[PDB]
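Student: Starting off with a structure, shown below.
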Amino acid sequence: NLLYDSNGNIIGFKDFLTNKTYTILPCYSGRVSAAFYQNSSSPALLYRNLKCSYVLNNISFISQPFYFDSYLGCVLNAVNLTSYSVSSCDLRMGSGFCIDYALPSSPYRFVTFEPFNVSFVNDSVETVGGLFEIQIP
Amino acid sequence: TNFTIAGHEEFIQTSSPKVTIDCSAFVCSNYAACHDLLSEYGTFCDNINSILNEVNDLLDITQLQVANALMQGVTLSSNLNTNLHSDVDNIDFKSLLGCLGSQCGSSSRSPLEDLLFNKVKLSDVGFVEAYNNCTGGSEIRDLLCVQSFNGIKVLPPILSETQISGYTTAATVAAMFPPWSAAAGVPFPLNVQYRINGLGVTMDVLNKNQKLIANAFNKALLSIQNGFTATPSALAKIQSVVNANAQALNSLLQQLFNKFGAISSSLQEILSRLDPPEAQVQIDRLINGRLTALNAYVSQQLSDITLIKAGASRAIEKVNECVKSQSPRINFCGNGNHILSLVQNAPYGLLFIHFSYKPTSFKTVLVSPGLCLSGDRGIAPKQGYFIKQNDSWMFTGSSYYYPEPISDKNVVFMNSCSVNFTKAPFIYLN
Amino acid sequence: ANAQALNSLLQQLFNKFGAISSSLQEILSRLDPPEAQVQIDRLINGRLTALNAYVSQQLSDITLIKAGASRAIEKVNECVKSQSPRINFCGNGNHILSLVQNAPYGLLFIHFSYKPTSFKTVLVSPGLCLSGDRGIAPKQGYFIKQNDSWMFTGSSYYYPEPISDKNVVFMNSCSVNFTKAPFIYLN
Ligand SMILES: *[C@@H]1O[C@H](CO)[C@@H](O)[C@H](O)[C@H]1NC(C)=O
Ligand SMILES: *[C@@H]1O[C@H](CO)[C@@H](O)[C@H](O)[C@H]1NC(C)=O
Ligand SMILES: *[C@@H]1O[C@H](CO)[C@@H](O)[C@H](O)[C@H]1NC(C)=O
């Protein structure tokens, strides 16, 4: 009437009063990443690999008006500004993302992280009548 | 007498999964009586987290240095699209280029990088997918979710593989089109001809075999792409690294089932069978065992990250002195007859594509190391040999048999000739 | 980093490690040796474990420092006291020379590089096909056509000059993509 694992854990059982079979799985457990600025009053929250609905319905019991789904997870107390890019950051969250702080909506900005770029020229690519266009100093 | 072009692949490990361990959750997950004694130490978990953060910072600095070395001094054109690319001098580069302007947006890799990443499951996005598929009932007994529920989770790097792929595509394009930033302003076919002639091959057979070089390059690229379908020595390294990381994580997780001299390995039975005064000893023994295991793990991680730092330094050096420029060092980038090298994006590292000079047929020819001309003066060849054809001394290359008249561009002048030089007063400065 | 390591090593001495206190004075003035033996043994074990962790971290740090110092020695030998033909090693491609200065716990390098300020767009050719099935190619430069005449210029500075022997190479044949110009009688 009991299902055991190779390590001696309970992963299933059979009830005696109804002859039904179930499966026991452990409940969720995780951490939270807090991005805090120097002179800020409240840091930004990130629940990695979690949807905002799941956090608000099972985990978060505090009223948080700012929330949106991102690639890393649910971000709290921040705005969605992935269309803007920067060259340097002090709070790198991962996967080419960053959190920027704007001096005084939420004062935190969730933007991308592009530390390197390539220089562009207005010259042509194909042969201009059999000759190439090269800029010489 | 005849030659071809061979292609080789090489992988060098650069990155590593950023493993973060929650010491408090690993030791005293959901037991207050355990925390009341774990706080009596505190500094063990503090130092463990500090060492993990230092390792993560080292990995981030390494990735930033690699990105800087890949994107150092690159100049492209604004009017450069994917459609007007991937072909130069009858050499196709479709499987090695992506899109970086007026073209594709979100993550999109080259076909070669796609085939590379499709063979590896635990990639930079595989961990994220396996971690976000824990809630919902997708998997029943997934090991990664179990490790995450015990305080062991892997974090993604600060730079995604899409940016690395874009940097690699830019570095590859910088050697195909003007102003040829990766070739010091030299066109691709001219650079290939110079690299082949630097080995001792005459320029005539190179100018008369312009299509053969392109055909050999295409055949080598196709052979590499077909061989990547199987499991070569380059693809096995990533799998070995992933398996080693998984084995280390499993060995660390299995430490929660040891008794360490206690009555049981689980805190539930200890707290439901004995009183706290009778359970503090068992809790302390379990805490000591787990702390010793974590210390051994962080020491192993320090050793591994040192080795990875060394490997990444080697990889950065090879990228700087084999891909972005032609270094005058033999047996460094390839094997003797090195011509060109290309870089590609690989899981937890980079992929190198080396092209070499491979002869097919040979010929036994009697050569001479020097001739004593008239007037008691010495003449020695420059990267070549002196051959006699029809009772007349000629010159030929070291890597290719092609008789040509002797001139001032292939010999050196000496005011005295060696005694071991063959006497040839009939030949003069033609 | 060194200061934080020393601070952590010093603060490790204030942990009880499960004993009644973190100081030996109170333990020796309150309990008897038969009861203080276990406490002293636990404190000794904790301190020895801390020292082992510290010396392991020091071994890793000195390994990294030896690697960095070997890199610095190679850089001094191949960039300061000599000019190496290696590109992208001592600088960013346009490296000229390097100088070394004494620095706290290391060395300071001063690198001078070539930096252009102005640019202009010109039309160049990878090669020319002379008369008589002859081909030429520029050496560290390009071919420009000024006033209906082909000339030579550098790759890092625009300065037209007549084509000579030391500026181009001679070939027994010319490619199909080379521009034909039989009026160049500069043999
Ligand atoms: C469960 O199965 C046992 C064994 O067949 C039987 O005796 C019992 O009546 C069953 N219980 C129910 C609620 O059907
Ligand atoms: C390109 O990168 C450099 C160095 O990080 C930075 O200073 C510059 O602002 C970047 N350019 C753009 C347009 O972001
Ligand atoms: C060449 O040198 C060897 C030894 O140096 C000597 O034995 C031999 O006689 C020399 N040959 C001539 C032709 O001088």
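Using Swiss-Prot numbers, chain C covers 1035-1221, in order.
Cβ coordinates are placed from backbone N, Cα and C, and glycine is handled just like the others.
Swiss-Prot lists these features:
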- C:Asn1181: N-linked glycosylation site (CARBOHYD)
- C:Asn1211: N-linked glycosylation site (CARBOHYD)
- C:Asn1221: N-linked glycosylation site (CARBOHYD)
Student: Radius 10 Å, atoms counted are CB only; among the glycosylation sites C:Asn1181, C:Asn1211, C:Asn1221, which position scores highest?
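Tutor: Counting Cβ neighbours within 10 Å, the top one is C:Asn1211.
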Student: Quick one: Cα separation, C:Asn1181 (N-linked glycosylation site) versus C:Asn1221 (N-linked glycosylation site), in Å?
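Tutor: Answer for this pair: 20 Å between alpha carbons.
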Student: Cα of C:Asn1221 (N-linked glycosylation site) to Cα of C:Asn1211 (N-linked glycosylation site): how many Å, rounded?
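Tutor: Between the Cα atoms of C:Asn1221 (N-linked glycosylation site) and C:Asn1211 (N-linked glycosylation site), the distance comes to 22 Å.
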